[PDB]
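2 protein chains.
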Amino acid sequence: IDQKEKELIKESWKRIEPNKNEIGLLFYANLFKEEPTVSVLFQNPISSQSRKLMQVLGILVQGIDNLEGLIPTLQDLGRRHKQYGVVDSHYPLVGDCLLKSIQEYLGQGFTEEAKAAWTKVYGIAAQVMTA
Amino acid sequence: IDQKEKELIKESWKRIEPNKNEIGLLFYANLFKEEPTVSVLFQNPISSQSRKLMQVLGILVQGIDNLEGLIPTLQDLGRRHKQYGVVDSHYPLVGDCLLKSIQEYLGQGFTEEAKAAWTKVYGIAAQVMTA
Ligand code: HEM
Ligand code: HEM
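Order-wise, the sequence lines are chains A and B. Numbering of the first sequence is given in the entry's author numbering, commencing with residue 2 and proceeding in unit increments. Numbering of the second sequence is given in the entry's author numbering, commencing with residue 2 and proceeding in unit increments.
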């Protein structure tokens, strides 16, 4: 992640954050339609789940200048995901769906350059989570 | 529906409406989780679909004192639904899921009395759409 990518993340988050509740919920709707098999893994209220996901995305943005500082928390999160029945192959599907959902909700407000930066940040988070 | 029910619809809409985008999106997530098969019927972006659904709920509220007046609109809507592949048994599924989603998102802010009124209104709408 270069300084240009870090900037795009911070800038796009200013448009994501005010829309975070809707984006998170759209993401679940899209995920469950795209991959009908994974919805069985989500066993708590989706409203609450969405808030948790978007909170962590916020934490990634807040620490975007030092992501290594987040290795521990991301490792713990990946470990809990194993306990939820999540496997490595789920991660690209969720990443694709999340990025497509942000794109859908924000439209032109979300640039290709921003989407590319978020792709890399997600890939990094998923790498740490799956070890 | 009776006068008290009409009032409950109007008053409870004051809490539903400001949250309507979130409730709509949560509804599709819950719907697609509960019955993954229906998600194939939804061909257009879910963000736009949720807005359309919540627009019609708003119309039901606007017309709540004279639902008889909306019968032609609801009949047209029901006719279009048939074309989408929607069938009678889908209506209770959608109704249950919609009410549960409003309940989930608002928590105790969605009163037992308001929920009972909304249950009856959805039932009426469903009946007109499918008659
Ligand atoms: C960057 C990637 C991801 C992030 C930031 C993330 C974030 C979270 C968070 C914050 C929670 C709350 C529970 C906890 O903290 O342990 C959670 C739970 C969960 N996540 Fe993820 N997640 C990611 C990827 C995935 C993937 C790929 C899946 C695959 C389906 C997934 C499925 C689940 C499930 C099933 C739960 C538990 C739901 C329940 O409580 O029943 N997550 N995730
Ligand atoms: C119960 C009250 C319902 C209301 C108020 C409602 C509202 C709407 C509205 C406003 C549209 C936009 C298109 C149009 O106006 O014709 C729509 C489309 C649609 N509805 Fe409903 N609906 C209801 C019930 C259902 C049910 C029970 C199903 C069963 C799955 C369903 C599935 C669909 C599908 C598949 C579409 C088309 C999506 C697309 O554009 O591909 N709806 N609905």
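Positions of the beta carbon are idealized from the N, C-alpha and C atoms, including for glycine.
May I have the straight-line CA-CA distance separating residue i from residue j, to the nearest angstrom?
{"i": "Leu9(B)", "j": "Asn67(A)", "result": "52 angstroms"}
{"i": "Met55(B)", "j": "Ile125(A)", "result": "37 angstroms"}
{"i": "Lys15(A)", "j": "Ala115(A)", "result": "12 angstroms"}
{"i": "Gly110(B)", "j": "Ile47(A)", "result": "18 angstroms"}
{"i": "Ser40(A)", "j": "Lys34(B)", "result": "5 angstroms"}
{"i": "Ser90(B)", "j": "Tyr92(A)", "result": "35 angstroms"}
{"i": "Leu78(B)", "j": "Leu75(A)", "result": "47 angstroms"}
{"i": "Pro19(A)", "j": "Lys11(A)", "result": "13 angstroms"}
{"i": "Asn45(A)", "j": "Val62(A)", "result": "25 angstroms"}
{"i": "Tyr123(B)", "j": "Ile17(B)", "result": "15 angstroms"}
{"i": "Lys7(A)", "j": "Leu26(B)", "result": "30 angstroms"}
{"i": "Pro73(B)", "j": "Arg52(B)", "result": "21 angstroms"}
{"i": "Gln128(B)", "j": "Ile60(A)", "result": "47 angstroms"}
{"i": "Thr112(B)", "j": "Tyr106(B)", "result": "12 angstroms"}
{"i": "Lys5(B)", "j": "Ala132(A)", "result": "59 angstroms"}
{"i": "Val57(A)", "j": "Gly64(A)", "result": "11 angstroms"}
{"i": "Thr38(A)", "j": "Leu94(B)", "result": "20 angstroms"}
{"i": "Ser13(A)", "j": "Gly108(A)", "result": "12 angstroms"}
On a CA-only basis, which of the options is nearest residue i? Give me that one, please.
{"i": "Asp3(B)", "options": "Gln128(B), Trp119(B), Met130(B)", "result": "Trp119(B)"}
{"i": "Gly96(B)", "options": "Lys121(B), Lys5(B), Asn20(B), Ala132(B)", "result": "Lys121(B)"}
{"i": "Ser102(B)", "options": "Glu18(B), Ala127(B), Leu32(B), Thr74(B)", "result": "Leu32(B)"}
{"i": "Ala117(B)", "options": "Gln128(B), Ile60(B), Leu100(B)", "result": "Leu100(B)"}
{"i": "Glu36(B)", "options": "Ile72(B), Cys98(B), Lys21(B)", "result": "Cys98(B)"}
{"i": "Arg81(A)", "options": "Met130(A), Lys5(A), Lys21(A), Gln63(A)", "result": "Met130(A)"}
{"i": "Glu23(A)", "options": "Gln104(A), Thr38(A), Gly64(A)", "result": "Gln104(A)"}
Which same chain residues, not among the five before or five after residue i, have their C-beta less than 8 angstroms away from its C-beta?
{"i": "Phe43(A)", "result": "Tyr29, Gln50"}
Short of 6 angstroms in beta carbon distance, which residues of its chain neighbour residue i, apart from the five on each side in sequence? Order them along the chain.
{"i": "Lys21(B)", "result": "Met55"}
Would you check if there are 3 or more beta carbon pairs closer than 8 angstroms linking the segment 68-86 of chain B to the segment 85-97 of chain A? Counting Cβ pairs under 8 angstroms, fewer than three are found: no touch.
Whole alpha helix (DSSP H) elements within the segment 77-131 of chain A, 4-residue minimum: If only uninterrupted alpha helix (DSSP H) runs of at least 4 residues are considered, those enclosed by the segment 77-131 of chain A are 91-107, 113-131.
Give, in chain order, every unbroken run of the alpha helix (DSSP H) that is at least 4 residues long and sits entirely within the segment 6-54 of chain A. Under the rule that a run must span 4 or more residues, the alpha helix (DSSP H) segments found entirely inside the segment 6-54 of chain A read 21-35.
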